[PDB]
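Since the structure comes first, as structure tokens, the remarks are kept for the end.
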Amino acid sequence: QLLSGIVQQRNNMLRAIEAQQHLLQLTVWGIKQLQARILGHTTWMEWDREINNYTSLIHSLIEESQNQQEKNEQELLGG
Amino acid sequence: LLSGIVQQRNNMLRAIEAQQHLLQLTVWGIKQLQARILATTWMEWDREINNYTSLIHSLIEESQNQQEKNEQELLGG
Amino acid sequence: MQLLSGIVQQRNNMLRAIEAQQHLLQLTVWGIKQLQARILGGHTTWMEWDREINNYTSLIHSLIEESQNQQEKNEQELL
């Protein structure tokens with residue numbers, strides 16, 4: 001019931017943290033590329049597409065985490 | 001009828017949400033730099049960074065306080 | 001009995017992962033600002049930045065992996 005739903009919620013939040021870690025690593029890559037130029041456009045197109053896909057996945061996982069949060073709260077009410 | 005562990009507010013998911021706002025701000029910042037390197041609004045970006053950074057650290061601190069209360073309730077039997 | 005314990009134990013590692021990812025975020029913000037002040041010695045400082053990224057990335061992957069291990073234990077307990 002409630003503990004089951006909590007465990008299922010943790011799975012989605014953990015996937016979101018993992019996907020956000022990937023997004024972080026992509027931002028680290030972009031910062032490093034620009035720093036090496038200070039001190040191609042196809043590669044940046046690939047960077048943009050990886051950002052888009054992981055951002056889209058994260059928003060999906062957040063939304064499903066939000067949906068499970070409401071199910072859990074309604075599960076707790078009334079019991 | 002239940003333990004407070006299973007009812008407390010999910011500030012962890014709130015932190016995940018706010019960290020995604022920060023990530024998307026850093027993506028925007030990187031994209032602007034990229035457009036000039038390869039060839040005001042930045043105060044607004046700085047402000048938004050600071051606001052979400054302040055929010056996230058508040059959620060982390062509250063999540064840590066919940067964690068301490070969760071552990072103590074486990075110990076209370 | 002043990003499921004509630006495992007749920008609490010996982011929350012600790014997931015919160016630690018979120019904290020470590022926040023420090024990674026702050027490091028990327030630092031790098032973005034350094035490049036922005038340039039547009040609109042330092043080699044050692046950037047190596048120090050690179051070293052902090054690596055240390056926090058390694059910590060995050062460790063906390064994620066152990067959060068996943070506890071997720072599996074929790075799911076198996078439910079089964």
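Starting from 1 in every chain, residues are counted up; chains themselves are A, B, ... following the order of the structure tokens, and ligands are numbered from 1 as listed.
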
| said: Show me, as a count of residues only, the residues of chain A whose atoms get within 12 Å of chain C, using only C-alpha atoms for the distance check. | reply: 39

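If you count only C-alpha atoms and ignore residues fewer than 3 places along the chain from region 58-65 of chain B, what sits within 6 Å of it is residues 11, 15, 55 and 68 of chain B.
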
Using only C-alpha atoms, select each residue of chain B with any atom at most 12 Å away from an atom of chain A, and give the selection as a PDB file with N, CA and C atoms, in the first residue's frame.
```pdb
ATOM      1  N   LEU B   1      -2.045   6.860  13.490  1.00  0.00           N
ATOM      2  CA  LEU B   1      -2.189   5.501  12.981  1.00  0.00           C
ATOM      3  C   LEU B   1      -0.959   5.054  12.177  1.00  0.00           C
ATOM      4  N   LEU B   2      -0.218   5.991  11.579  1.00  0.00           N
ATOM      5  CA  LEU B   2       1.053   5.661  10.934  1.00  0.00           C
ATOM      6  C   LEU B   2       2.191   6.483  11.529  1.00  0.00           C
ATOM      7  N   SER B   3       3.405   6.126  11.106  1.00  0.00           N
ATOM      8  CA  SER B   3       4.625   6.823  11.486  1.00  0.00           C
ATOM      9  C   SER B   3       4.771   8.128  10.711  1.00  0.00           C
ATOM     10  N   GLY B   4       5.412   9.110  11.348  1.00  0.00           N
ATOM     11  CA  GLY B   4       5.664  10.379  10.689  1.00  0.00           C
ATOM     12  C   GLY B   4       6.592  10.273   9.498  1.00  0.00           C
ATOM     13  N   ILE B   5       7.373   9.193   9.415  1.00  0.00           N
ATOM     14  CA  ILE B   5       8.278   9.000   8.285  1.00  0.00           C
ATOM     15  C   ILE B   5       7.505   8.996   6.974  1.00  0.00           C
ATOM     16  N   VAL B   6       6.342   8.335   6.958  1.00  0.00           N
ATOM     17  CA  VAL B   6       5.596   8.124   5.723  1.00  0.00           C
ATOM     18  C   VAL B   6       4.656   9.274   5.392  1.00  0.00           C
ATOM     19  N   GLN B   7       4.566  10.290   6.249  1.00  0.00           N
ATOM     20  CA  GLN B   7       3.656  11.403   6.024  1.00  0.00           C
ATOM     21  C   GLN B   7       4.360  12.723   5.752  1.00  0.00           C
ATOM     22  N   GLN B   8       5.653  12.823   6.037  1.00  0.00           N
ATOM     23  CA  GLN B   8       6.330  14.109   5.993  1.00  0.00           C
ATOM     24  C   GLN B   8       6.409  14.643   4.564  1.00  0.00           C
ATOM     25  N   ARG B   9       6.566  15.961   4.466  1.00  0.00           N
ATOM     26  CA  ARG B   9       6.597  16.630   3.172  1.00  0.00           C
ATOM     27  C   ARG B   9       7.847  16.239   2.395  1.00  0.00           C
ATOM     28  N   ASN B  10       7.667  15.949   1.105  1.00  0.00           N
ATOM     29  CA  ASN B  10       8.748  15.478   0.240  1.00  0.00           C
ATOM     30  C   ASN B  10       9.573  16.675  -0.232  1.00  0.00           C
ATOM     31  N   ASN B  11      10.402  17.189   0.677  1.00  0.00           N
ATOM     32  CA  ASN B  11      11.327  18.254   0.308  1.00  0.00           C
ATOM     33  C   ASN B  11      12.463  17.747  -0.571  1.00  0.00           C
ATOM     34  N   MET B  12      12.681  16.432  -0.612  1.00  0.00           N
ATOM     35  CA  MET B  12      13.703  15.877  -1.491  1.00  0.00           C
ATOM     36  C   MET B  12      13.313  16.043  -2.954  1.00  0.00           C
ATOM     37  N   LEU B  13      12.044  15.786  -3.280  1.00  0.00           N
ATOM     38  CA  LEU B  13      11.573  16.003  -4.643  1.00  0.00           C
ATOM     39  C   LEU B  13      11.562  17.486  -4.991  1.00  0.00           C
ATOM     40  N   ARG B  14      11.208  18.337  -4.022  1.00  0.00           N
ATOM     41  CA  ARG B  14      11.324  19.780  -4.212  1.00  0.00           C
ATOM     42  C   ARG B  14      12.762  20.182  -4.513  1.00  0.00           C
ATOM     43  N   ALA B  15      13.728  19.537  -3.851  1.00  0.00           N
ATOM     44  CA  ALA B  15      15.129  19.842  -4.116  1.00  0.00           C
ATOM     45  C   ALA B  15      15.531  19.392  -5.513  1.00  0.00           C
ATOM     46  N   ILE B  16      15.061  18.213  -5.938  1.00  0.00           N
ATOM     47  CA  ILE B  16      15.322  17.735  -7.294  1.00  0.00           C
ATOM     48  C   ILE B  16      14.746  18.704  -8.322  1.00  0.00           C
ATOM     49  N   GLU B  17      13.542  19.221  -8.065  1.00  0.00           N
ATOM     50  CA  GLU B  17      12.926  20.190  -8.972  1.00  0.00           C
ATOM     51  C   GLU B  17      13.756  21.464  -9.062  1.00  0.00           C
ATOM     52  N   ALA B  18      14.141  22.008  -7.910  1.00  0.00           N
ATOM     53  CA  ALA B  18      14.893  23.255  -7.894  1.00  0.00           C
ATOM     54  C   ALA B  18      16.280  23.085  -8.501  1.00  0.00           C
ATOM     55  N   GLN B  19      16.887  21.902  -8.346  1.00  0.00           N
ATOM     56  CA  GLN B  19      18.173  21.641  -8.986  1.00  0.00           C
ATOM     57  C   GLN B  19      18.041  21.558 -10.499  1.00  0.00           C
ATOM     58  N   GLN B  20      16.888  21.112 -10.998  1.00  0.00           N
ATOM     59  CA  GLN B  20      16.658  21.118 -12.435  1.00  0.00           C
ATOM     60  C   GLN B  20      16.519  22.538 -12.973  1.00  0.00           C
ATOM     61  N   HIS B  21      15.929  23.446 -12.191  1.00  0.00           N
ATOM     62  CA  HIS B  21      15.904  24.852 -12.587  1.00  0.00           C
ATOM     63  C   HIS B  21      17.311  25.427 -12.669  1.00  0.00           C
ATOM     64  N   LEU B  22      18.183  25.050 -11.727  1.00  0.00           N
ATOM     65  CA  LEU B  22      19.569  25.503 -11.782  1.00  0.00           C
ATOM     66  C   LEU B  22      20.290  24.932 -12.994  1.00  0.00           C
ATOM     67  N   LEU B  23      20.111  23.634 -13.253  1.00  0.00           N
ATOM     68  CA  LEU B  23      20.733  23.015 -14.419  1.00  0.00           C
ATOM     69  C   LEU B  23      20.334  23.735 -15.698  1.00  0.00           C
ATOM     70  N   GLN B  24      19.042  24.030 -15.850  1.00  0.00           N
ATOM     71  CA  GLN B  24      18.593  24.674 -17.075  1.00  0.00           C
ATOM     72  C   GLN B  24      19.132  26.093 -17.180  1.00  0.00           C
ATOM     73  N   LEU B  25      19.391  26.743 -16.043  1.00  0.00           N
ATOM     74  CA  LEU B  25      20.033  28.053 -16.086  1.00  0.00           C
ATOM     75  C   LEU B  25      21.490  27.938 -16.523  1.00  0.00           C
ATOM     76  N   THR B  26      22.202  26.906 -16.056  1.00  0.00           N
ATOM     77  CA  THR B  26      23.587  26.731 -16.491  1.00  0.00           C
ATOM     78  C   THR B  26      23.660  26.366 -17.969  1.00  0.00           C
ATOM     79  N   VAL B  27      22.695  25.582 -18.460  1.00  0.00           N
ATOM     80  CA  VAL B  27      22.642  25.277 -19.891  1.00  0.00           C
ATOM     81  C   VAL B  27      22.487  26.561 -20.695  1.00  0.00           C
ATOM     82  N   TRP B  28      21.573  27.432 -20.265  1.00  0.00           N
ATOM     83  CA  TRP B  28      21.388  28.711 -20.937  1.00  0.00           C
ATOM     84  C   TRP B  28      22.676  29.525 -20.925  1.00  0.00           C
ATOM     85  N   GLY B  29      23.317  29.632 -19.758  1.00  0.00           N
ATOM     86  CA  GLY B  29      24.563  30.379 -19.674  1.00  0.00           C
ATOM     87  C   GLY B  29      25.632  29.840 -20.607  1.00  0.00           C
ATOM     88  N   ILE B  30      25.785  28.516 -20.647  1.00  0.00           N
ATOM     89  CA  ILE B  30      26.762  27.909 -21.547  1.00  0.00           C
ATOM     90  C   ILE B  30      26.424  28.232 -22.998  1.00  0.00           C
ATOM     91  N   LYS B  31      25.133  28.229 -23.343  1.00  0.00           N
ATOM     92  CA  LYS B  31      24.751  28.487 -24.730  1.00  0.00           C
ATOM     93  C   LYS B  31      25.065  29.921 -25.144  1.00  0.00           C
ATOM     94  N   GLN B  32      24.867  30.889 -24.243  1.00  0.00           N
ATOM     95  CA  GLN B  32      25.209  32.273 -24.565  1.00  0.00           C
ATOM     96  C   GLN B  32      26.707  32.425 -24.803  1.00  0.00           C
ATOM     97  N   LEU B  33      27.522  31.826 -23.927  1.00  0.00           N
ATOM     98  CA  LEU B  33      28.971  31.902 -24.093  1.00  0.00           C
ATOM     99  C   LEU B  33      29.411  31.225 -25.380  1.00  0.00           C
ATOM    100  N   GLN B  34      28.759  30.151 -25.704  1.00  0.00           N
ATOM    101  CA  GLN B  34      29.086  29.452 -26.895  1.00  0.00           C
ATOM    102  C   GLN B  34      28.834  30.298 -28.149  1.00  0.00           C
ATOM    103  N   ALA B  35      27.778  31.074 -28.135  1.00  0.00           N
ATOM    104  CA  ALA B  35      27.417  31.868 -29.307  1.00  0.00           C
ATOM    105  C   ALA B  35      28.398  33.009 -29.546  1.00  0.00           C
ATOM    106  N   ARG B  36      29.061  33.487 -28.495  1.00  0.00           N
ATOM    107  CA  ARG B  36      30.025  34.572 -28.625  1.00  0.00           C
ATOM    108  C   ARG B  36      31.435  34.061 -28.883  1.00  0.00           C
ATOM    109  N   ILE B  37      31.793  32.931 -28.274  1.00  0.00           N
ATOM    110  CA  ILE B  37      33.135  32.381 -28.432  1.00  0.00           C
ATOM    111  C   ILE B  37      33.352  31.905 -29.864  1.00  0.00           C
ATOM    112  N   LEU B  38      32.386  31.167 -30.410  1.00  0.00           N
ATOM    113  CA  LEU B  38      32.516  30.677 -31.777  1.00  0.00           C
ATOM    114  C   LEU B  38      32.232  31.770 -32.801  1.00  0.00           C
ATOM    115  N   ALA B  39      31.329  32.695 -32.479  1.00  0.00           N
ATOM    116  CA  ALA B  39      31.001  33.832 -33.340  1.00  0.00           C
ATOM    117  C   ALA B  39      30.610  33.396 -34.752  1.00  0.00           C
TER     118      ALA B  39
END
```

| task | One decimal, Å: what's the distance from CA of residue 50 (chain B) over to CA of residue 45 (chain C), could you say? | result |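 It comes out at 23.2 Å.
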
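Restricting the calculation to only C-alpha atoms, the smallest distance between chain C and any of B:51, B:41, B:72, B:67 is found for B:67.
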
| field | Residue with smallest distance to chain B - pool C:20, C:36, C:73, C:13, counting only C-alpha atoms | value |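 Result for the nearest residue to chain B: C:36.
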